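1. please work out how this folds:
(6 chains, ligands or ions: 12)
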Protein chains: 6
Amino acid sequence: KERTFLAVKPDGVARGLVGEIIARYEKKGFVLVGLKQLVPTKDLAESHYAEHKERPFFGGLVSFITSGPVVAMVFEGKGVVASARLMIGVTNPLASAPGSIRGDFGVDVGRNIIXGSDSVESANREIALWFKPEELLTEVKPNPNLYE
Amino acid sequence: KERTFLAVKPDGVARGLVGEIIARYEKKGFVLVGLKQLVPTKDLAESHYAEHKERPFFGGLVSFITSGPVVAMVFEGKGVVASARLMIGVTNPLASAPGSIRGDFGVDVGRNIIXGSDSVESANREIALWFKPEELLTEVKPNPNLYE
Amino acid sequence: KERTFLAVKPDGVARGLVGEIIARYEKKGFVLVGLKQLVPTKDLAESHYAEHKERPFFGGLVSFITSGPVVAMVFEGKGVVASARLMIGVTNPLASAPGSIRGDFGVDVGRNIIXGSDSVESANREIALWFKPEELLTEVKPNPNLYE
Amino acid sequence: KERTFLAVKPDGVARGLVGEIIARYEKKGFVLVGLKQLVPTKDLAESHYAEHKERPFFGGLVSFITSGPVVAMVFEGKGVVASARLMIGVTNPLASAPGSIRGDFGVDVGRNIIXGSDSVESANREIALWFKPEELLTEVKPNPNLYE
Amino acid sequence: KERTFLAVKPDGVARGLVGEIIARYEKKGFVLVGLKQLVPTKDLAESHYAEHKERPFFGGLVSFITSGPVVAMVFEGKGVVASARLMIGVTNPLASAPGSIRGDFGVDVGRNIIXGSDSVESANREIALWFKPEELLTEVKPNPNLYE
Amino acid sequence: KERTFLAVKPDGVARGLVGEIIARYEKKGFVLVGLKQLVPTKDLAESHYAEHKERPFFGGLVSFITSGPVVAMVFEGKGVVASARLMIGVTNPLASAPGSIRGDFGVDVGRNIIXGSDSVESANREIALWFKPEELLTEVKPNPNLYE
Ligand SMILES: [Se]
Ligand SMILES: [Se]
Ligand SMILES: [Se]
Ligand SMILES: [Se]
Ligand SMILES: [Se]
Ligand SMILES: [Se]
Ligand SMILES: [Se]
Ligand SMILES: [Se]
Ligand SMILES: [Se]
Ligand SMILES: [Se]
Ligand SMILES: [Se]
Ligand SMILES: [Se]
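-> Numbering: from 1, shown residues only, chains lettered A, B, ... in the order given. Ligands and ions are numbered 1, 2, ... in the order given. Here you go, the structure:
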């Protein structure tokens, strides 16, 4: 099925939010097919935020995501891309709804904990960039109580 | 006060979601006046989904709800019918909001965990169908800290 | 496999602890094979607490368990009888350990929330007493990730 | 930064909801700068609900908030006033969304658990009314992982 | 009934553990009769840790408890003094059992989150020291579902 | 500081327990310095369970740990090796105490969810075996509210 890329950013890792976030997605029925902790490299970051390189606040994003460990993961299931964003909330955590990750835990735009792919095309780009193919599960077996 | 009928369907029971769901309603202040586990009978199912019998996907619904145990319950309180639906979410779990039962736990329309009565008239029909009157509490005593 | 009888007593039901308790057992991997809410009858109570009828405080026990709704259930799995007691705690809730049901929620011996069968022989007696055989599941299917 | 006044009303205190509510705000990243339990005085109540004194249901509000203990607190952070209201929900708990405090726990307008300041001007009035300045923290140190 | 004094120390407050801890005691059925946040004064601290003044590490304790906000509370119920200690754990958090507060959250002896009175005589001394009598509830009404 | 190796075995991953387990260790104050999901290779497994190769049930262990994904992690803090085992419980999940991971979630010896290093010497062997040195954090920054 479909796949999305998720990164819990350095402020999320530092605040001890990793297991909480993973648990939310496992409980929803999405299946974990990639997971690692790493300190992102400058040129991985610059590729990651590539669509923003002609703007002034490009360097801020890059600087921040390389300042500490990130946990990177990909999950698989039906409509996982749009669903995962709904679960995260909206860009401003102050305006995100109670029950969403940023709604529950976040307070500042620059420290908004986690992000996910914004479309299926982005996700395929992002997944291939952060993860070598031997790091990803080929055979997925989900609960038969989940799909009809 | 008002009453609604709720059924946690076989996929919810199989996935170990029963106590979680009951706990959500107890925490809200609704009072439990009926509860049993049972494997629904063909002709109970056909009555339950009666308003759909002239459609092609009637047999699917019936087939599924009889394939395993269901836990059936009725709860009592002010506006319990509309409230319980709000707590469950909307038909597609992918589109249900974080914080709602289907929003948190569900992924497929056919495996959407639980359902409740969609009106007060439905509820009275459904309650009398699943539950003999001696199975239901007559005298309800709720928290005085709940109503004014 | 093995089976135990559990009753959440009227103080547990009144305090909204039902779903919490059920959820603890589901999370452990035990499977729910019986469940109902009922107001126990005098002569069911007198049979239930039969081994105590020659003591003075017999009537207290009986009086109390009939004063409100009880939720009765049976669960099935390996060593479920001894395990369930370990999860409940010890007779005095004040002395029960944090993490146990009475340790977390209880404060008085007479209001100790829940109880379970104290042996396999008790359990078979108790189960047959509270539950007609058509109320109990015959075919149990647990997670294959639980047993080897 | 900004500050709001919150009061968990006597129905919230009686129902054992205090720590749950505080925990929600701590998890969001707001910082606790005031906290006490007290039984409000008639003339403190009449000042508190001052903007309603020319209406008939003034006396109800006053009567109720003085009938038991209240826990009063102030929290500090970016957009804390509007954010806290979003977390509480809307006036009718039945219509508040799952994930919000009233959405999860409340059922009646008159027993709606908690309230917060509805603007920054209200908050400054309310804070100075319930709290002497030596009861409030002067120096606040929040997580650097929260703000940019 | 009986009463104990509890203080969540500055490391507990800073780590956002306040509501979690309060919630544990509310869930057990103990009743909150005192609560405030304050920055302890040197001479309050020196009285508090009075039985240790002839030892070398007296000044450390005093220095630390005055370095930030503390939330002080007293709870009331049957055997609340011994019970509360059991819930906290033992002096070394590393050796405290899962389910206990220090067992779940703590790692260092000097940063062990919370403490409670070690006897009824200590509690009466400590309560009168931290709390003026008008700050304490006179009339306590607990759940009738708790005591027999 | 000290480090231990932890593996959540294929039954834990399949049952959706990963985020729950990680969250327990983050809440305790231990810091995550390694994390990946992988399907273990035969000869990695045979090295991992090396001290058991002369026994008959060697092949079972190997067969099982290679049958699905494992999430491997290392955590760092004071007494992390002995502490982590205390948190997991004892070999038989039925006999593990409520509050421990196996006590809460497990039922069978062969399906006991997770394991950790049994000494500091084992941990150094195990860590170097599962993790290349560039996969591990060099610079650790924990909460200053944790250590004295
Ligand atoms: Se992002
Ligand atoms: Se992202
Ligand atoms: Se449904
Ligand atoms: Se339903
Ligand atoms: Se009992
Ligand atoms: Se029992
Ligand atoms: Se309010
Ligand atoms: Se308020
Ligand atoms: Se202490
Ligand atoms: Se203390
Ligand atoms: Se193990
Ligand atoms: Se292990």
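
2. quick check: the closest residue to residue A:45 other than its chain neighbours vs residue A:49, distance?
-> The spatial neighbour of residue A:45 that comes closest, neighbours along the chain excluded (Cβ to Cβ, 6 or more residues apart in numbering or on different chains), is residue A:62 at 4.6 Å. C-beta coordinates here come from the backbone N, C-alpha and C atoms, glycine included. With distances taken as Cβ to Cβ, to the nearest Å, residue A:62 is found 6 Å from residue A:49.

3. so which of the two has more stuff around it?
-> Neighbours around residue A:62 and residue A:49, counted as other Cβ atoms under 10 Å in any protein chain shown, are more numerous at residue A:62. The numbers are 20 against 16.

4. correct me, but that one touches residue A:43?
-> No. Between residue A:62 and residue A:43 there is no contact, the gap being 9.7 Å when judged by Cβ atoms under 8 Å.

5. up against chain F, what does chain A have?
-> Applying the criterion Cβ under 8 Å from any Cβ of the partner chain, the portion of chain A that neighbours chain F consists of A:13-14, A:16-27, A:32-39, A:69, A:71, A:135, A:137, A:141.

6. if I look at the nearest residue to residue A:94 once chain neighbours are set aside, how far off is ligand 10?
-> If the residues on either side of it in the chain are set aside, residue A:94 comes closest to residue D:79, at 4.7 Å by Cβ to Cβ, 6+ apart. Distance from residue D:79 to ligand 10, counting by Cβ to the nearest ligand atom, to the nearest Å: 36 Å.

7. residue D:79 and residue A:108, how far apart?
-> Between residue D:79 and residue A:108 the computed distance is 10 Å (Cβ to Cβ).

8. same question, residue A:69
-> Plainly put, residue A:69 is 20 Å away from residue A:108 if you go by Cβ to Cβ.

9. neighbour-wise, which of those two wins?
-> Set residue A:69 next to residue A:108 and count neighbours by other Cβ under 10 Å: residue A:69 wins out with 22 against 19.

10. now do the contacts for residue A:137.
-> In this structure, residue A:137 makes contact with A:33, A:34, F:37, F:39, F:69, judged by Cβ atoms under 8 Å, 6 or more residues apart in numbering or on different chains.

11. for ligand 12, what's its nearest residue on chain A.
-> Nearest residue of chain A to ligand 12: residue A:35, at 17.9 Å (Cβ to the nearest ligand atom).

12. how about the secondary structure of that residue?
-> strand (DSSP: H, G, I helix; E, B strand; the rest coil).

13. hey, what's it bridged with?
-> Taking DSSP bridges as the rule, residue A:35 bridges to residue A:73.

14. excluding sequence neighbours, find me the nearest residue to the residue of chain A found nearest chain C.
-> In chain A, the residue found nearest to chain C is residue A:143; the distance is 9.9 Å by Cβ to the nearest Cβ. Take residue A:143 and drop its neighbours on the chain: the residue closest to it by Cβ to Cβ, 6+ apart is residue A:29, 6.3 Å away.

15. please apply the same query to residue A:135.
-> In this structure, residue A:135 finds its nearest non-sequential neighbour in residue A:34, 5.9 Å apart by Cβ to Cβ, 6+ apart.

16. thought the one you found was touching residue F:35?
-> No. The pair residue A:34 and residue F:35 fails to qualify as a contact (Cβ under 8 Å) at a distance of 11.4 Å.

17. look at these two and report which has more neighbours.
-> When residue A:34 and residue F:35 are compared on other Cβ under 10 Å, the one with more neighbours turns out to be residue F:35, at 24 against 21.

18. tell me how far whichever residue of chain A sits closest to ligand 4 lies from residue C:98.
-> Distances between chain A and ligand 4 by Cβ to the nearest ligand atom are smallest at residue A:148, namely 17.3 Å. When Cβ to Cβ is the yardstick, residue A:148 and residue C:98 sit 42 Å from each other.

19. residue numbers of chain A in contact with chain D?
-> By the criterion of Cβ under 8 Å from any Cβ, the positions of chain A lying close to chain D are A:10-11, A:14-15, A:94-95, A:97-100, A:103-111.

20. again, 10 Å this time
-> Remark: the part of chain A in contact with chain D comprises A:9-17, A:20, A:60, A:64, A:68, A:92-100, A:102-113, using Cβ under 10 Å from any Cβ of the partner chain.

21. didn't residue A:123 look like it was pressed against residue A:80?
-> Yes. Taking contact to mean Cβ atoms under 10 Å, the distance of 8.6 Å between residue A:123 and residue A:80 places them in contact.

22. around residue A:43, how many other residues sit close by?
-> For residue A:43, the count of nearby residues is 9 (other Cβ under 10 Å).

23. identify the residues contacting it.
-> For residue A:43, the contacting residues are residue A:62, taking Cβ atoms under 10 Å, 6 or more residues apart in numbering or on different chains as the criterion.

24. now do residue A:110
-> Contact partners of residue A:110, counting by Cβ under 10 Å, 6+ apart, are A:9, A:11, A:57, A:60, A:61, A:64, D:146, D:147, D:148.

25. need the phi and psi values for it.
-> Residue A:110 has phi and psi values of phi -70, psi -10 when expressed as degrees, to the nearest 10.

26. distance of it from residue D:142?
-> Relative to residue D:142, residue A:110 is positioned 14 Å away (Cβ to Cβ).

27. A helix includes residue A:5, no?
-> No. For residue A:5, which was evaluated using three-state DSSP, the result is strand, with no helix membership.

28. go ahead and confirm it touches residue A:130.
-> Yes. Taking contacts as Cβ under 10 Å, residue A:5 lies within contact range of residue A:130: 6.5 Å.

29. neighbour count for the two, which is higher?
-> Relative neighbour count places residue A:5 above the other of residue A:5 and residue A:130, with 25 against 21, counting by other Cβ under 10 Å.

30. gap between the more buried one and chain B?
-> Between residue A:5 and chain B the computed distance is 18 Å (Cβ to the nearest Cβ, to the nearest Å).

31. can you tell me how far the residue nearest to that residue when sequence neighbours are not counted is from residue A:119?
-> Nearest-residue entry for residue A:5: residue A:126, 3.9 Å, with adjacent residues in sequence omitted and distances by Cβ to Cβ, 6+ apart. The span separating residue A:126 from residue A:119 equals 10 Å under the rule Cβ to Cβ.
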